[PDB]
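Notes follow the structure.
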Amino acid sequence: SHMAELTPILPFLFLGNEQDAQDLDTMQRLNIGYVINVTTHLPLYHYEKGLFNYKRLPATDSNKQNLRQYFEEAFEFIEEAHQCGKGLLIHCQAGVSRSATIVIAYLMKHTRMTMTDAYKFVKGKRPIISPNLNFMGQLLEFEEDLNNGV
Ligand SMILES: CC(C)(C)C(=O)CSc1ncc2c(n1)-c1ccsc1CC2
């Protein structure tokens, strides 16, 4: 069977794929209470159990998907877990391309890392990340907006 590998980017921020998000035991052992689903078609796992607060970001893994519009909605959702001492799991699909894009944006926003330093930070903890030239460009546009105060 699949062994869940919830990569801890920060002690309260976890990242994974669709298979990593279906493991209920590890999520409770890691004290997560917030889940971010960055897909349009995947179900909110363990919704019928009333254990987590869910937020879905309806995004596709295409060359036209806009992920910048969902950054601030996810940052406040991650910050609401930070302020109450609980963990957050953000996940999408196999390549973890979408969910790692927001995590890099979060490390870029609240830790003041450069896009490469933030990318090298997440790449060292989860070595398998599918490339997406669209999301790379949106992260580059996001970095210069951070360097100019927006
Ligand atoms: C969408 C996402 C960023 C998660 C991705 O597509 C991972 S793949 C990749 N491979 C080589 C580089 C980079 N990303 C990168 C990222 C930012 S600056 C840079 C320069 C080398």
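Numbering (our numbering), first residue to last: 17 to 166. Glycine included, C-beta positions come from ideal geometry on N, C-alpha and C.
Buried versus exposed, by CB contacts within 10 Å (16 or more), residue i
i: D133; result: exposed
i: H107; result: buried
i: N148; result: buried
i: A110; result: exposed
i: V138; result: buried
i: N164; result: exposed
i: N33; result: buried
CA nearest to the CA of residue i, picked from the options
i: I145; options: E160, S113, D39; result: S113
i: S115; options: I52, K125, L155; result: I52
i: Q44; options: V138, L155, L67, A97; result: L67
i: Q38; options: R72, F158, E21, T130; result: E21
i: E96; options: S17, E34, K71; result: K71
i: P74; options: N164, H18, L60; result: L60
i: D161; options: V138, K125, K139; result: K125
i: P143; options: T42, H18, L31; result: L31
i: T117; options: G153, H18, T127, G101; result: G153
i: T76; options: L58, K65, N69, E64; result: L58
i: residue 167; options: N164, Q35, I94, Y135; result: This structure leaves residue 167 out entirely; the chain is present only between 17 and 166.
i: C100; options: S17, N79, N69; result: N69
i: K102; options: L46, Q35, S17, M19; result: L46
Inter-residue CB distance, residue i and residue j (contact presumed, cutoff 8 Å)
i: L104; j: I48; result: 6 Å
i: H98; j: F28; result: 6 Å
i: residue 199; j: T23; result: Absent from the model: residue 199. The displayed extent of the chain is 17 to 166, so no value can be given.
i: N150; j: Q81; result: 7 Å
i: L83; j: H62; result: Incorrect: roughly 25 Å between the Cβ atoms, too far for contact.
i: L155; j: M129; result: At roughly 11 Å, the Cβ-Cβ gap does not stay under 8 Å, so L155 and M129 are not in contact.
Point to revise | Length-filtered (3 minimum) beta strand (DSSP E) runs lying within the region 33-109 | key: 48-53, 69-72, 103-107
Point to revise | Cβ pair count under 8 Å reaching 3, the region 121-128 against the region 81-95 | key: yes
Review point. Counting only runs that start and end within the region 105-159, where is the beta strand (DSSP E) found for 3 or more residues in a row?
Key: none
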